[PDB]
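In what follows, a structure is listed as structure tokens, so that the remarks can point back to it.
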Amino acid sequence: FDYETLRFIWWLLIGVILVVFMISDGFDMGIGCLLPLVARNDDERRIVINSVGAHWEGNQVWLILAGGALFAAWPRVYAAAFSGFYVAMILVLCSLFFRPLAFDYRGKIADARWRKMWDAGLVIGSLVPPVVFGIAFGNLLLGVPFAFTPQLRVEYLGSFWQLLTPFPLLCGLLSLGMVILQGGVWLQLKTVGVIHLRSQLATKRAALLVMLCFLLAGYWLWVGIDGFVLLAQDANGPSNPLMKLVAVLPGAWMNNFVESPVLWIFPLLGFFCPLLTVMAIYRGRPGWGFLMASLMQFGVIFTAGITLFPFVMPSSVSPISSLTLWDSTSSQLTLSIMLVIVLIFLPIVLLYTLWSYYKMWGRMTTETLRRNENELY
Amino acid sequence: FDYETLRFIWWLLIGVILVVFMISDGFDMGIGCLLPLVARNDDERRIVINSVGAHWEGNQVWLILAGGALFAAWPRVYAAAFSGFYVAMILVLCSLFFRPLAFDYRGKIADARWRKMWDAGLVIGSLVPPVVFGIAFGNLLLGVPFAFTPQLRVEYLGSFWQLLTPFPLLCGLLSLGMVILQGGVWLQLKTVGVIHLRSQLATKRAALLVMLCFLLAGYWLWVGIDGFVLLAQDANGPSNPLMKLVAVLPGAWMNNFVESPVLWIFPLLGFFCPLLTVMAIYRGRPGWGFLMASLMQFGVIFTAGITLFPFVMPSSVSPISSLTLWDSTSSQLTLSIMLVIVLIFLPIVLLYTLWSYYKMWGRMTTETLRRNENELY
Amino acid sequence: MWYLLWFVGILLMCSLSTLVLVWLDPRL
Amino acid sequence: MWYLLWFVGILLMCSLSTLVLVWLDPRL
Amino acid sequence: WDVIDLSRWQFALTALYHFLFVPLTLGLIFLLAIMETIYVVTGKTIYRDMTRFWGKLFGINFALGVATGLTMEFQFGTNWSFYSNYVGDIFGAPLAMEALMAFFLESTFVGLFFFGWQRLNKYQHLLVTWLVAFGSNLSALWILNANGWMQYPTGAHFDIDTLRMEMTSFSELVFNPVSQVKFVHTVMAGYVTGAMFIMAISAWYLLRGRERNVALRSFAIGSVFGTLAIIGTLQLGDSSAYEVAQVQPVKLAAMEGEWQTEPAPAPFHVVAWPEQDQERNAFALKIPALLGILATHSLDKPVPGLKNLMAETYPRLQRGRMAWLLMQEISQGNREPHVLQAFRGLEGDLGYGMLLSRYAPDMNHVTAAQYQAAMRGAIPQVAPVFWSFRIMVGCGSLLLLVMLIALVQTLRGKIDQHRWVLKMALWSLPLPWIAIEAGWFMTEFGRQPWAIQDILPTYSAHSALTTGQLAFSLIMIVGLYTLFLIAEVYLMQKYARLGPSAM
Amino acid sequence: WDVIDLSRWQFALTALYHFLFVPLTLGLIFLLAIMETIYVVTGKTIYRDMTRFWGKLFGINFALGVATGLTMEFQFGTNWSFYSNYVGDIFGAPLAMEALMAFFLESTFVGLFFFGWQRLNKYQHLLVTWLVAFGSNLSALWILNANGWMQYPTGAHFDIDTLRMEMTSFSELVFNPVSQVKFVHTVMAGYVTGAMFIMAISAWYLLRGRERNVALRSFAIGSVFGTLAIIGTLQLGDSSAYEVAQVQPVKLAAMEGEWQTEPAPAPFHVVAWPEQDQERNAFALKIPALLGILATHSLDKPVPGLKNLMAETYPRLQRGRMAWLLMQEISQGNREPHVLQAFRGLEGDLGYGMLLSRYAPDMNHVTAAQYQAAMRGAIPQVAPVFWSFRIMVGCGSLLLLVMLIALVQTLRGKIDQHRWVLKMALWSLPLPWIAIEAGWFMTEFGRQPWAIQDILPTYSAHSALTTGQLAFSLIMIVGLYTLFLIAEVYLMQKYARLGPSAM
Ligand SMILES: COC1=C(OC)C(=O)C(C/C=C(\C)CC/C=C(/C)CC/C=C(/C)CC/C=C(\C)CC/C=C(\C)CC/C=C(\C)CC/C=C(/C)CCC=C(C)C)=C(C)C1=O
Ligand code: HDD
Ligand code: HDD
Ligand code: HEB
Ligand code: HEB
């Protein structure tokens with residue numbers, strides 16, 4: 001495998017892993033965020049929690065897989081991103097703390113205060129991570145204030161508060177809308193009753209919010225934010241971020257779509273998928289709605305990736321030392337080894353996760369919860 | 001451990017192993033040889049066979065242990081002895097062939113011809129090996145016709161028929177008497193009835209034969225056979241048989257006993273033990289008789305060893321190249337390793353063999369055989 | 001080669017515990 | 001180190017056969 | 001406090017807190033598999049109740065284990081930016097592969113096991129439980145492989161173009177001698193922890209008349225598993241000591257408190273006070289010809305002392321200074337043929353160059369005092385390592401004795417006939433945790449002057465963070481971990497007091 | 001016939017005849033231990049009848065195994081005097097230790113097991129059976145350790161004073177890489193043989209309505225044990241092939257029929273006719289890039305050919321000629337300082353010196369024709385080794401397939417539902433014996449020009465015996481072995497036809 005082809009393949013693999021994690025933990029965090037907005041009773045909260053209780057661990061593990069894949073394929077991107085967003089990563093870790101404990105502990109105390117506290121913890125842990133990830137992505141699209149020393153050591157020249165500009169906040173709101181839409185669609189797929197109607201209404205509202213936010217982000221990126229241009233870079237050369245030429249030009253983010261009109265499908269797909277899934281939900285076919293929601297996640301993520309195709313976390317303060325997909329990559333040997341390991345094991349993982357979903361496909365009604373009230377949490 | 005001390009310790013260990021094997025396989029082959037001379041009926045033959053049926057394997061394994069110890073500690077002695085006595089070793093192997101098959105097969109066919117054939121095979125396999133071992137020992141005491149080339153390669157300058165001089169034949173008869181006496185004492189220890197009386201008579205006759213043969217051998221060695229004298233030899237030097245000075249002098253075999261009068265106990269013990277065991281058998285105490293028989297075996301073997309203390313298989317044709325205990329020995333490292341392995345494992349072997357004897361101490365009467373006639377062979 | 005040794009050893013420990021419990025269950 | 005591996009492996013095979021026979025005996 | 005020390009303390013607390021719940025999971029999942037296997041084979045329904053009751057506690061511990069795992073994962077990027085950027089090309093493969101295979105297996109099938117009782121049959125449930133156990137163990141396998149590569153680098157070469165160490169051979173990266181022994185040892189220690197936990201709870205039940213059916217079977221399983229696992233972990237601890245002696249003489253010298261090289265019958269200290277102001281021990285209790293036999297498996301093989309190691313590293317310090325100067329010249333774009341040829345030599349001492357950089361403000365001119373300071377800093381604090389090693393060995397011996405007594409009582413069929421046996425089983429509950437924490441602390445503190453052994457010191461591997469920025473995270477995680485530990489221990493106590501009869 | 005060839009044929013026949021009964025004992029004793037363990041655990045008396053019935057046949061085979069063992073033991077001294085005198089200092093330790101420990105254990109406890117049914121309780125009887133199995137396996141361990149040292153000498157140095165090779169390090173003598181793999185492989189092959197024997201007899205019983213209680217349990221035990229053992233023995237066969245490739249390239253080249261060195265994707269022949277008049281194969285069927293992957297575990301590692309090996313041994317032949325001249329000068333008492341200093345160099349080629357001594361009447365002056373003859377004789381007959389290897393591999397694959405099918409049928413609980421499965425189990429009975437004899441023949445014939453690899457050729461290791469003296473022994477042992485084989489096979493057939501119901 002050629003080094004340039006290997007790097008492009010691993011970039012695509014990172015995109016696919018992010019899409020799959022987004023789908024899974026997105027319906028998970030949609031359940032978490034719709035717990036207070038839909039379930040007005042303790043029984044309803046128990047139903048919605050047990051809807052994803054069995055499979056939530058296998059969805060969270062996708063986040064760990066994404067972190068490990070970043071640490072392996074793109075150690076520079078991993079280090080710079082998790083060092084600059086130190087407070088953000090601490091916040092997301094504190095949020096993800098509650099989800100296992102909230103799932104496994106709230107059903108073991110009869111007191112209402114304990115259940116309320118753990119429900120609040122679960123809601124926080126399902127709400128904060130998507131918003132913070134959206135903020136970080138928006139900052140990446142805007143330019144992270146960091147630079148590299150002549151020795152490849154990364155130092156940060158910013159604070160957490162400087163990441164709270166309106167554009168990353170809008171991106172975080174968009175991510176929250178996407179995850180709550182995914183959770184609402186999953187509720188359509190499992191729950192039946194008043195929860196079904198409330199989840200349908202929430203899904204329609206989330207789809208409208210996602211469409212409006214995506215259009216606003218597109219306009220703002222078109223007319224508000226300048227972009228980075230990779231003038232020259234050795235695709236097959238060593239991963240040395242310093243050895244590059246890059247200049248900042250207005251409207252550079254749209255160059256990938258203008259040069260290749262075939263790439264316009266991803267923004268169009270990600271924009272029109274929420275409408276299609278709303279139509280499917282109103283048509284009474286939750287399966288096609290879930291497929292449309294998954295396509296929405298994939299299209300939005302890959303649109304974001306294509307907009308940043310030659311740049312991964314560009315640096316605003318220093319045009320040079322901005323990490324790319326060509327740079328910030330491990331050596332060819334370990335990259336190929338990781339690629340072959342992924343090709344060997346990932347299909348098996350998908351196969352047995354699908355088998356686990358198949359064996360646990362029963363609907364979560366009130367009578368089923370009441371029959372197994374002792375064990376289900 | 002000093003090299004000379006190590007070699008002397010291993011010589012003593014070889015002597016002890018030979019004594020133990022002699023006791024065990026001696027009572028075994030005494031059973032084998034007294035099978036036709038005592039058991040006049042199929043039931044009696046079955047009784048005497050099952051008397052040592054369980055423990056015979058653990059007695060034969062002593063022969064393999066002696067062979068391996070010779071091959072390890074004294075590779076030169078092993079090679080020369082088993083090459084010069086090629087026909088003798090073939091005969092003893094053919095004799096030992098029958099004993100396992102005779103034990104395990106004669107009880108599985110109802111025909112009398114099969115039982116008679118396997119009884120004859122067992123008698124041959126219990127009779128030939130002691131006689132051939134006695135003949136070989138007598139030839140060693142007389143001088144094996146072999147020599148060493150300047151390169152340490154051994155060639156034989158004799159034939160099997162030349163080993164049939166009267167003195168080795170007398171030694172073989174003495175060995176046969178010893179083994180049949182041991183077997184008769186073991187029969188006294190286990191069997192009760194007419195077999196007991198016949199075994200007592202056979203034991204008395206065997207003791208008389210052993211005493212007479214030992215006295216005749218002593219007289220013949222005193223007045224008939226000249227001996228080898230080790231003038232000079234490097235005790236701690238390398239095991240090179242060529243580097244030695246040795247001359248043949250009449251009456252040299254008695255030098256060890258004359259120089260050290262304390263060594264006369266072994267011949268006296270080996271001569272007076274058969275009388276003591278006959279007295280014990282006539283006194284009705286088979287245990288003391290067995291102890292006296294074991295002391296007889298030990299005393300006779302160690303008398304033979306002391307007579308050949310500085311020479312192991314001397315060569316008659318060539319005074320030089322006659323193997324000794326100082327020469328014909330492995331290196332110090334492997335000798336010490338074998339010694340420590342023996343010191344570790346041999347006591348455990350003795351302990352669990354004694355435990356096995358303890359668990360199988362029941363007398364072999366006719367009623368016991370009849371109760372378990374289906375399984376016992 | 002300690003990985004295969006550990007695999008065989010843990011399976012051995014599991015089977016030994018299962019056998020001991022099967023033998024000992026009536027005796028309790 | 002194959003000696004210890006063989007020891008653990010043969011004990012594992014013995015215990016696996018014993019367990020399979022214990023499970024399968026009523027089903028025969 | 002210093003930023004580097006604060007980050008080290010944060011990682012220490014996070015790792016200890018995370019590993020307060022990992023060995024319990026490792027042991028308990030296999031004991032649950034044992035109970036499920038017995039239920040499938042014998043057909044008796046008692047073992048199903050046993051495995052349900054123990055799986056409740058297993059899930060209670062597993063939730064917090066998962067919670068701490070995320071922080072353990074992200075701490076490398078949050079607090080060790082330079083370390084990650086330096087060693088990622090070789091360190092990402094185990095971390096990524098573990099999450100790819102073992103974490104996926106355990107995460108999916110733990111939910112399938114908890115919620116698949118009614119749907120899956122007995123055989124499918126047993127297979128799911130076995131998959132959970134194997135995935136949980138393979139995750140430890142890959143993590144400990146990464147840690148072993150940290151202890152003993154293999155298949156690693158520095159690259160001027162990327163200013164980092166890149167993977168050279170995956171085969172020797174996976175099968176390095178330290179990693180295999182470390183993995184087997186830690187997994188056996190986790191098995192011992194789980195078995196002792198089961199035995200302690202069963203003994204507490206048997207001390208009263210509350211439970212006698214579940215308690216006896218659970219005690220028997222725990223006793224047999226604990227005896228086998230304690231034998232295995234003692235053997236693997238001896239093997240790990242041999243590997244440390246072969247690979248990291250400094251760590252072994254710190255463990256045994258050996259300052260000066262001594263003849264082959266080297267006396268093994270059992271009690272000493274390794275003061276560092278004077279390079280010697282205090283009121284040492286020496287057993288002659290003991291440490292030399294164990295460390296070298298023979299005689300006539302002297303064990304190097306700390307003073308000799310420092311004396312040997314002094315030329316390594318000079319070569320590292322030269323290498324650091326050459327590397328800085330290379331990085332500044334000064335492409336000279338002489339510099340390029342010279343950097344290939346003395347390339348493996350760059351870690352000592354970084355040590356001098358920490359201990360010498362000016363690299364070009366260095367005085368003897370700076371070299372002395374670097375040599376003093378080249379070794380860890382001997383006393384904590386020595387005492388941690390002694391505590392771990394003593395607790396391991398006590399575990400062996402207790403589990404042998406328990407096995408003897410179990411095989412006799414009279415478990416509850418002696419109150420003192422049950423009391424000993426109960427009071428031995430904290431000992432596996434104490435021993436395992438002490439052993440892990442000794443392992444990660446014996447290599448103290450090195451984030452990677454002889455490659456990258458820990459001081460230079462830190463990221464660019466301020467005191468307050470790190471203190472906020474430290475306070476937040478410490479408070480959350482304290483609250484979570486209180487809640488988890490309360491739930492564990494409550495459901496151990498409740499008993500299997502409640503469900 | 002020649003004396004050396006006659007002695008080689010005698011050893012061949014004796015070894016094959018002895019090993020016609022050893023793998024059966026090795027497998028059957030452990031299967032008896034399995035049956036006894038099941039009887040002790042479950043308590044059902046059916047397994048006691050099973051173990052009695054199978055122990056009858058076990059003893060029938062064991063008697064003849066013991067009978068042949070004595071000749072195998074004494075043949076070294078009777079027919080290989082020079083070999084023993086040359087390598088005893090290193091070869092006696094395994095032979096003596098085996099008889100000291102394993103032979104004693106098995107010999108005592110086999111009688112204790114046969115005659116201790118009524119006296120010893122169930123637990124003592126089970127312990128005795130386990131001791132018998134472990135001793136029987138340890139004997140194979142030590143014997144195969146000796147044979148592995150023969151295949152790959154280790155810890156051996158020539159000594160001028162004793163004109164023999166003396167032991168240098170016991171630790172590496174015991175733990176040599178070839179010996180461990182050979183031991184595990186042979187023991188697993190014996191397990192496969194025993195399991196297939198049990199399965200074949202059980203299938204023969206099940207083909208009729210004679211037995212259905214003992215037969216089904218015995219078939220299940222045999223199937224499970226055979227599947228596990230066949231997996232183990234295939235893995236260990238691959239490991240043995242790797243070890244042979246690493247240590248003895250000549251044997252590997254003979255096995256694969258490789259004459260000329262070829263690029264890294266070396267095609268693995270499956271069918272060829274290795275003619276020796278012309279150093280090439282005939283109508284070869286080559287699978288590209290197959291043998292290189294298996295032999296070297298990677299690519300870019302070419303496998304040497306026979307021609308290259310001969311070309312490399314030619315300088316070794318010259319050095320061996322020099323060494324043999326120097327050694328003969330030393331042995332004649334010619335103590336010259338120059339000779340003493342020169343013998344230390346080129347000391348390890350003395351085996352090639354002995355080869356030249358065989359192939360050159362005059363050592364001082366040697367022509368090119370004699371060197372060519374020695375080079376031709378430096379390699380074994382390629383065709384028998386090649387065909388033996390192919391036969392062994394094919395029979396192993398067939399065993400794997402048959403035992404997998406048997407295991408699948410057993411786990412389903414429907415063993416007798418298909419007649420063809422039982423017929424396949426029956427007709428696969430001779431296959432383990434064919435494969436094991438072929439593998440042993442290939443092992444002991446691939447090193448043909450060497451009694452000890454690169455140390456002592458087989459031709460010079462023979463004793464000083466005449467044609468008639470050896471022919472008498474050969475005729476006697478051949479006749480006795482033929483009669484004993486007839487009797488043993490008749491008894492085995494009779495008691496397999498009789499069935500367990502008779503007793
Ligand atoms: C003209 O076309 C366009 C529009 O109009 C139609 C737009 O509206 C827009 C604006 C739209 C957006 C900015 C929306 C972006 C998409 C989403 C889902 C919002 C961001 C929130 C998320 C949760 C995304 C998922 C991200 C994460 C879980 C991790 C975020 C990264 C962190 C913490 C640091 C590590 C860095 C990375 C993973 C970067 C990896 C590299 C990439 C190129 C991104 C990934 C994608 C690929 C294909 C590899 C664009 C860009 C456009 O091109
Ligand atoms: C025993 C070896 C071991 C060690 C030293 C560690 N872990 Fe761990 N970890 C486990 C073994 C383990 C496990 C057995 O896989 C756990 C225990 C409880 C659990 O849920 O899985 C766990 C959980 C766990 C998880 C959550 C798994 C999931 O929910 O998908 C992650 C991400 C990590 N660990 C990562 C780490 C990292 C990055 C460590 C070092 C910095 C670390 N662990 C130390
Ligand atoms: C499997 C490995 C193996 C091999 C290659 C050999 N043997 Fe063997 N031998 C056994 C394994 C064994 C055993 C398993 O220990 C036997 C099988 C039947 C028996 O009674 O023990 C046997 C019996 C046996 C006995 C009889 C044991 C006794 O009654 O005390 C002796 C003395 C030997 N062997 C010696 C040898 C020698 C010197 C061999 C090579 C020249 C040899 N065996 C080949
Ligand atoms: C608890 C339980 C336990 C036990 C029993 C043990 C047992 C032991 N041990 Fe141990 N360790 C431990 C826990 C432990 N351990 C840990 C945790 C660790 C860490 C990890 C590894 O493995 O490494 C160790 C490790 C270890 C080490 C190091 C290694 C490395 O680092 O790699 C050493 C030296 C030891 C010693 C020891 C000894 C001598 C013994 C015996 C007595 N340890
Ligand atoms: C029978 C059964 C069996 C089996 C299955 C096997 C399987 C196998 N195999 Fe084997 N082998 C054998 C039997 C066998 N085998 C024997 C007997 C031997 C000899 C001994 C040893 O081990 O060595 C061998 C050995 C062997 C060798 C050699 C080694 C030495 O010499 O040391 C080789 C190469 C082989 C190959 C092989 C392969 C490739 C396989 C897979 C297919 N093999």
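All residue names refer to the structure tokens as shown: chains lettered A, B, ... in order, residues numbered from 1 in each chain, ligands numbered from 1 in order.
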- Message: Using only C-alpha atoms, which protein or nucleic acid residues come within 7 Å of residue 8 (chain C)? Drop anything in the same chain fewer than 5 positions from it, and give the result as a ChimeraX atom specification.
- Response: /D:8-9,12
- Message: At a cut-off of 8 Å around ligand 3, and using only C-alpha atoms and all ligand atoms, what residues come up? Please write them as an MDAnalysis selection string.
- Response: (chainID B and resid 57:58 60:62 64) or (chainID F and resid 15 18:19 21:23 25:26 61:76 95 99 102:104 106:107 135:141 143:144 147 183 186:187 190)
- Task: Grab me every residue within 8 Å of ligand 5, counting only C-alpha atoms and all ligand atoms, and send it over as a PyMOL selection string.
- Result: chain F and resi 144+148+151+178-179+181-186+188-190+192-193+230+233-238+240-244+252+255+389+392-397+399-400+431-444+446
Store the residues picked out above in a file with C-alpha atoms, as a compact mmCIF listing (two decimals), in the first residue's frame.
```txt
# COMPACT_ATOMS: atom_id res chain seq x y z
CA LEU F 144 12.95 -37.60 23.60
CA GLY F 148 16.63 -34.04 20.68
CA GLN F 151 19.38 -33.86 16.69
CA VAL F 178 14.43 -29.19 19.61
CA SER F 179 13.89 -31.55 22.56
CA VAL F 181 9.00 -29.53 20.75
CA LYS F 182 9.87 -33.13 19.88
CA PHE F 183 8.64 -34.36 23.27
CA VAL F 184 5.33 -32.49 23.16
CA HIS F 185 4.77 -33.52 19.54
CA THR F 186 5.43 -37.23 20.12
CA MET F 188 0.41 -35.63 21.50
CA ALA F 189 0.79 -38.16 18.68
CA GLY F 190 0.56 -40.96 21.23
CA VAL F 192 -4.07 -39.28 19.16
CA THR F 193 -3.18 -42.95 18.69
CA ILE F 230 -4.91 -33.77 17.15
CA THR F 233 -0.08 -32.43 17.61
CA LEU F 234 -0.69 -30.47 14.41
CA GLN F 235 0.46 -27.28 16.14
CA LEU F 236 3.53 -29.05 17.54
CA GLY F 237 4.26 -30.56 14.13
CA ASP F 238 4.34 -27.07 12.66
CA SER F 240 8.87 -29.02 14.89
CA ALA F 241 9.07 -28.14 11.20
CA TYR F 242 10.13 -24.61 12.14
CA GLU F 243 12.76 -25.96 14.54
CA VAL F 244 14.11 -28.37 11.90
CA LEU F 252 14.29 -29.63 5.80
CA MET F 255 11.75 -33.15 3.43
CA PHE F 389 6.96 -36.44 5.35
CA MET F 392 2.73 -38.18 7.76
CA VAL F 393 1.19 -34.82 6.84
CA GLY F 394 -1.63 -36.42 4.85
CA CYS F 395 -2.46 -38.91 7.59
CA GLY F 396 -2.43 -36.10 10.15
CA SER F 397 -4.89 -34.11 8.06
CA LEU F 399 -6.98 -37.70 11.48
CA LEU F 400 -7.98 -34.08 12.05
CA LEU F 431 -3.78 -44.17 10.14
CA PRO F 432 -2.26 -42.89 13.44
CA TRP F 433 0.21 -45.78 13.46
CA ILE F 434 1.14 -45.21 9.81
CA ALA F 435 1.63 -41.49 10.42
CA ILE F 436 3.63 -41.95 13.63
CA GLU F 437 5.94 -44.58 12.11
CA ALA F 438 6.46 -42.41 9.02
CA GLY F 439 7.23 -39.37 11.16
CA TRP F 440 9.71 -41.24 13.33
CA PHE F 441 11.38 -42.75 10.25
CA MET F 442 11.68 -39.30 8.67
CA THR F 443 13.10 -37.88 11.90
CA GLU F 444 15.75 -40.59 12.25
CA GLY F 446 16.84 -37.04 7.73
```
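Between residue 40 (chain E) and the candidates E:126, E:356, E:254, E:214, the tightest atom-to-atom separation, counting only C-alpha atoms, involves E:126.
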- Residues of chain C within 8 Å of chain F, only C-alpha atoms counted, as a PyMOL selection string: chain C and resi 19+22-23
Mind writing the picked residues with N, CA, C and O atoms as a PDB file, in the first residue's frame?
```
ATOM      1  N   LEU C  19     -14.927 -29.337  38.144  1.00  0.00           N
ATOM      2  CA  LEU C  19     -14.888 -30.744  38.532  1.00  0.00           C
ATOM      3  C   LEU C  19     -14.941 -30.908  40.044  1.00  0.00           C
ATOM      4  O   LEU C  19     -15.642 -31.789  40.556  1.00  0.00           O
ATOM      5  N   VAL C  22     -18.461 -30.303  41.140  1.00  0.00           N
ATOM      6  CA  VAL C  22     -19.340 -31.409  40.772  1.00  0.00           C
ATOM      7  C   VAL C  22     -19.149 -32.578  41.728  1.00  0.00           C
ATOM      8  O   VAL C  22     -20.120 -33.200  42.177  1.00  0.00           O
ATOM      9  N   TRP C  23     -17.896 -32.894  42.060  1.00  0.00           N
ATOM     10  CA  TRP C  23     -17.634 -33.989  42.989  1.00  0.00           C
ATOM     11  C   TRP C  23     -18.122 -33.663  44.395  1.00  0.00           C
ATOM     12  O   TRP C  23     -18.669 -34.531  45.086  1.00  0.00           O
TER      13      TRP C  23
END
```
- Query: Which protein, DNA or RNA residues have an atom within 6 Å of ligand 1, counting only C-alpha atoms and all ligand atoms, as a PyMOL selection string?
  - Reply: chain A and resi 11-12+14-15+81+130+133-134+136-138+171+175+214-215+217-218+267+300-305+307-309+312
Using only C-alpha atoms, what table do you get, as JSON lines, when you list each residue of chain D with an atom no more than 10 Å from chain C, its nearest pair of atoms, and their distance in Å rounded to one decimal, rows by chain then rising number?
```
{"residue": "D:1", "atom": "CA", "partner": "C:1", "partner_atom": "CA", "distance": 8.5}
{"residue": "D:2", "atom": "CA", "partner": "C:5", "partner_atom": "CA", "distance": 9.1}
{"residue": "D:4", "atom": "CA", "partner": "C:5", "partner_atom": "CA", "distance": 8.3}
{"residue": "D:5", "atom": "CA", "partner": "C:5", "partner_atom": "CA", "distance": 5.9}
{"residue": "D:6", "atom": "CA", "partner": "C:5", "partner_atom": "CA", "distance": 9.2}
{"residue": "D:7", "atom": "CA", "partner": "C:9", "partner_atom": "CA", "distance": 9.8}
{"residue": "D:8", "atom": "CA", "partner": "C:9", "partner_atom": "CA", "distance": 6.1}
{"residue": "D:9", "atom": "CA", "partner": "C:8", "partner_atom": "CA", "distance": 6.1}
{"residue": "D:10", "atom": "CA", "partner": "C:12", "partner_atom": "CA", "distance": 9.3}
{"residue": "D:11", "atom": "CA", "partner": "C:12", "partner_atom": "CA", "distance": 6.8}
{"residue": "D:12", "atom": "CA", "partner": "C:12", "partner_atom": "CA", "distance": 4.6}
{"residue": "D:13", "atom": "CA", "partner": "C:12", "partner_atom": "CA", "distance": 8.3}
{"residue": "D:14", "atom": "CA", "partner": "C:12", "partner_atom": "CA", "distance": 9.2}
{"residue": "D:15", "atom": "CA", "partner": "C:15", "partner_atom": "CA", "distance": 5.7}
{"residue": "D:16", "atom": "CA", "partner": "C:15", "partner_atom": "CA", "distance": 6.5}
{"residue": "D:17", "atom": "CA", "partner": "C:15", "partner_atom": "CA", "distance": 9.8}
{"residue": "D:18", "atom": "CA", "partner": "C:19", "partner_atom": "CA", "distance": 7.8}
{"residue": "D:19", "atom": "CA", "partner": "C:19", "partner_atom": "CA", "distance": 6.8}
{"residue": "D:22", "atom": "CA", "partner": "C:22", "partner_atom": "CA", "distance": 8.8}
```
- Message: Set the distance at 9 Å and use only C-alpha atoms: which residues neighbour region 353-357 of chain B once local chain neighbours fewer than 2 positions away are removed? I'd like the list as a ChimeraX atom specification.
- Response: /B:55,58,348-351,359-361 /F:104-105,108-109,112
- Message: Please check the contacts: residues of chain F at most 6 Å away from chain B, using only C-alpha atoms, listed as a ChimeraX atom specification.
- Response: /F:63,67,77-78,81,85,88-89,92-93,95-96,99-100,107-108,111,162,331,464
- Item | region 301-311 of chain E environment, 7 Å, only C-alpha atoms, sequence neighbours closer than 3 positions dropped, as a list in words | residues 249, 250, 253, 258, 259, 260, 261, 262, 263, 264, 292, 296, 314 and 375 of chain E
- Item | Neighbour list for residue 249 (chain A) as a ChimeraX atom specification, cut-off 8 Å, only C-alpha atoms, skip fewer than 3 positions in-chain | /A:226-229,252
For the residues in the current selection, export N, CA and C atoms as a compact mmCIF listing (two decimals), in the first residue's frame.
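This is the output file again_1.txt:
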```
# COMPACT_ATOMS: atom_id res chain seq x y z
N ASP A 226 -12.88 32.76 7.00
CA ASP A 226 -11.86 32.46 6.00
C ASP A 226 -11.27 31.08 6.25
N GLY A 227 -10.66 30.52 5.21
CA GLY A 227 -10.15 29.16 5.29
C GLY A 227 -8.67 29.01 5.02
N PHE A 228 -8.14 27.83 5.31
CA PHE A 228 -6.74 27.52 5.06
C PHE A 228 -6.59 26.80 3.73
N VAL A 229 -5.51 27.12 3.02
CA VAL A 229 -5.20 26.52 1.73
C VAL A 229 -3.85 25.83 1.83
N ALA A 252 -12.13 29.72 1.42
CA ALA A 252 -11.36 28.55 1.03
C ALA A 252 -12.03 27.24 1.42
```
